[PDB]
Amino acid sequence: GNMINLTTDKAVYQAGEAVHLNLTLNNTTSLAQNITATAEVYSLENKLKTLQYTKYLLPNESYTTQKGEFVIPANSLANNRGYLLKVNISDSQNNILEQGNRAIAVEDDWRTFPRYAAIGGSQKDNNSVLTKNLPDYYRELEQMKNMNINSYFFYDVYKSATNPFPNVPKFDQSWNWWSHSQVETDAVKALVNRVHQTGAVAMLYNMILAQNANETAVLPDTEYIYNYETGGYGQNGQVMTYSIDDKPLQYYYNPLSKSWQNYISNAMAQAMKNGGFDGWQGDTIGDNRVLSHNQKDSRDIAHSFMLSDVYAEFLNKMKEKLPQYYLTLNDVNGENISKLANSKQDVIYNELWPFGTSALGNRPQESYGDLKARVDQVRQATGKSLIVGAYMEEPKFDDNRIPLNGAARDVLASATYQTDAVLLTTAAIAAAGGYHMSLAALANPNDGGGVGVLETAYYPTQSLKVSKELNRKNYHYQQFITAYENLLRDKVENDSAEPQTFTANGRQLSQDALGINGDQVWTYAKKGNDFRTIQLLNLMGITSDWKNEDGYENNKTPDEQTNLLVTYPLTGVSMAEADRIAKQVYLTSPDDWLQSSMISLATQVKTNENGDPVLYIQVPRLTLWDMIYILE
């Protein structure tokens, strides 16, 4: 990495707010000398500012800049944009001693460009949320802050589905039968307060229709929902019940019940106000065909309805009854975007599994291309950037602790998460215009002082270690995703123009623009108002499965490429416009060779048989992910 320790006072900024930076100048030399920190402020390719500070330092002496010394004043940056701070530390000979880049996010609120992370109890402490772990939480949240995280998903900090956050000092989570976790409410409040200090929001996870089965009913049975057919929630004409091993765990209420709507909204309002939360991260147990209480005995299918057919109305009622609060509902596998397109969700959140049906058609949602397709489907239906839960690897064991997958064999060997696997999944979602909710503050020692990576639905579980390599590249990836949000997900659509990628020696590397096959440089274009982009995702010599359930048994580090050619056709553009464009082609990558820096590319303008111009773009390097940026 570097030792610049580049830090900002907040995670995110209002346009009318100053950015206070701190940075550390390290005289890593044997010579007493002026050490210079130069921080260039870029808005895409354009250098807006150079900031600069010099301090005379003795050998091995360091100096951290004080409040006021590096600042970007209020009203310096346009609103709802990402920026990059490109820092070089230099000695009195103009040798570069170190370099590090940091994004700056300026935005009204988190809804335009969500960058969402999880917070959850500590595995080493029964999954509890405890005051004694605040130091580790705060350390993780300092890191997420400098990664520009703007929102936080508080997972399993609730007492019960119907009493989510009572004003008591500590409560048991009695629905936790595996580890009997507890929550100290002062811990959750301190967490929320710390999130707020960074400019970020705190979302409370809770079900929307549920009550825990061993608590008195909050409403009488006229409000319950009933099964239309016998299945996994019990018998036709019985209350929809979630059970494990013939013990009822949860009962469900009718989304159309006005009394349930008023109950749960007010219960959430109170819970949220108790914690200082900013909104509701909603969840449902799964879809079902159901009957209202008064229809419970009907065998007439036309008297029944799919719960998902009423989610939009239910949500709209929640918004209306919770107007100052953010609202979203996890749509598992993204099955219902057309149903939910007009609901007043503030953000779209889909938890995606490899076994869901792809937005592509009749195939599992198993590859990087399937993640893009779902991101695009959401964008098309709502205009919003999809937040994706795509948990990585998920080691699983049988009863003899026999591994049921390769990742589980890595667990037995005390191995790490496969760094490039995680990064390629985050790249696939981001390059498509979405955001991979992957990062977690879990006070978990397998996270080695850094932030965790979500591996399973039960967020507190960390079976594999986060290498310092993964920690450091995750940070680079977050800066890229922030600094280039206006190119990735701000009125940017798929482009019908078809870019291709070649080596210097005759191979076409781009083979399947859908991203469903591996062993290729996955290459596709996007189109914004005055630009185009080309995403290059390196899958040379690797498979396209995003989850990497095999762990290290399936290598996910793709074959590094050098001196590639990318062609991009300029159908119907004149030679003079093409020549202007050809001088305005740039590249950036979150990978170590650039760490979000942008460079100019050598480009030639050629034509087809009919005088139609085509850019021939030289790409120095591709490690995992490159973005070409074409001003047009």
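Position 1 is the first residue in the sequence shown; the rest follow in order.
Stretches 166-174 and 143-151 differ in mean C-alpha B factor, with the higher average recorded for 166-174. Of the two stretches examined, 601-609 and 52-60, the record assigns the greater average C-alpha temperature factor to 601-609. Across the options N94, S367, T523, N206, the residue with the most elevated CA B-factor in the record is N94. When the C-alpha B-factors of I348, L537, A413, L315 are read from the PDB record, the largest value belongs to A413. Split the chain's modelled residues into thirds by C-alpha temperature factor. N362 is in the highest one. Remark: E223 belongs to the highest third of its chain, ranked by C-alpha B-factor as recorded. In this PDB entry, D331 carries a Cα temperature factor that places it within the middle third of its chain's modelled residues. The PDB entry assigns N554 a C-alpha temperature factor belonging to the middle third of its chain's modelled residues.
Among all modelled residues in this chain, the alpha-carbon of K189 has a temperature factor (C-alpha) in the middle third.
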